[PDB]
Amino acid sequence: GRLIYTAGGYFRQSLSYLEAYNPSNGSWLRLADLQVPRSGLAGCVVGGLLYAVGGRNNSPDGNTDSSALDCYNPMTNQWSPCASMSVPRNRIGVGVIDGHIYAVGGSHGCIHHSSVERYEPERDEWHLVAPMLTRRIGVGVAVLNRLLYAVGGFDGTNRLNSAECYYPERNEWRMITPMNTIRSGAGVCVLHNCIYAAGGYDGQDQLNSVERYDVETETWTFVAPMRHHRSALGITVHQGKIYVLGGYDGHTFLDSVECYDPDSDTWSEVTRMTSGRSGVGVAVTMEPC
């Protein structure tokens, strides 16, 4: 569609914000709050509905990992509960294939999931599928050519440079070439024939580096670094450009939104979020009403 939606996030505590940015005019619009605050969630879109998946409510009243799937209809500006996942998944990644949502990895307390499940909107049902070969929280996920990729994250002990691919017709995961950089909480998306991994945390520092995996050549190549180091950034693609939203730079919860032009191999600032935050869910769909 036409707007970049950012849902939830973290600053001091987990947030309920839903706001939409319009690249055509620079404008932000505040929309209906999530029913439950959450950070470390993912967003995605199916049939012009926006979905918020997993996360955790870090609050003064306590900390609750989320198994929730919630449905936002832009035509009505209302959130509806959808069926919950088998398990809470904080710092989750999601991918959409053929109108179905895959929920990948994430944590529940000290449990670091390798498990994966798939939601079918027409049935309002989740079903488990084959688990990843590695436990991954803070995992990045993207879809290219109807294959699902899980990239980086943290396995409970080490931050990971590894990545793997799920072949739905085989219900099977296989390792791909590892990244050149260890990354937990990177932004992962697809542009053209490449899976991009932007930023994240290597166990030491927040990263500004960006690298991309060419599915044909099976190699990762660095492109230009972002203007800001960031972990727990939101990422999405809007009209052939990658947008990265917020995150944490080791000092500040960023309001910076940056945009990547792959033809010039340059990042630039495009706007600021209305407030700095990390761990947001991001997706693109039609403008409301």
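From 1 onward, residues are counted along the sequence shown.
Looking at the entry, does 201 to 209 or 135 to 143 show the higher mean C-alpha B-factor?
If you average the C-alpha B-factors of 201 to 209 and of 135 to 143, the larger mean comes out for 201 to 209.
I need to verify one thing: averaged over C-alpha atoms only, is the B-factor higher for 109 to 117 or for 86 to 94?
Comparing averages over the C-alpha atoms only gives 109 to 117.
Sorting the chain's modelled residues by C-alpha B-factor, tell me whether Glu164 ends up in the lowest, middle or highest third.
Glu164: CA B-factor falls in the lowest third of its chain.
Lowest, middle or highest third: which one holds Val46 when the chain's residues are ordered by CA B-factor from the entry?
As the PDB entry reports it, the C-alpha B-factor of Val46 lands in the middle third of its chain.
Third of the chain's Cα B-factor distribution that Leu69 belongs to, per the entry
Its C-alpha B-factor belongs to the lowest third of this chain's values.
C-alpha B factor of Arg230, ranked within the chain: lowest, middle or highest third?
Ranked within chain, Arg230 CA B lands in the middle tercile.
Splitting the chain's C-alpha B-factors into thirds, which one does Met75 fall into?
Tercile = highest for this residue's CA B-factor.
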